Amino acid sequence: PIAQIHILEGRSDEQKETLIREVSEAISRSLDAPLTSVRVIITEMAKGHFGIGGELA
């Protein structure tokens, strides 16, 4: 499986490193698929590039 997560900028390297592993584990557990086949892509968004209800977050 291939997961792309869109998150707001500001997180540290450690939180994003935990994000990749815990999500890959949750995908491997829920789908009974090999952990080694799971790939995770983290995409950071600037505050001016993400909107909720037509307004910036």
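For every residue, the number given is its place in the sequence shown, counted from 1.
Quiz prompt | Third of chain Cα B-factors occupied by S12 | solution = For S12, whose C-alpha B-factor we compare with every modelled residue in the chain, the answer is the highest third.
Exercise. Give the position of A57 by CA B-factor within its chain, expressed as the lowest, middle or highest third.
Key: Highest third.
Exercise. Among all modelled residues of this chain, ranked by Cα B factor, put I42 in the bottom, middle or top third, i.e. lowest, middle or highest.
Key: As the PDB entry reports it, the C-alpha B-factor of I42 lands in the lowest third of its chain.
Quiz item: By its CA B factor, does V23 count among the lowest, middle or highest third of the modelled residues in the chain?
Solution: It belongs to the lowest third of the chain when residues are ordered by C-alpha B-factor.
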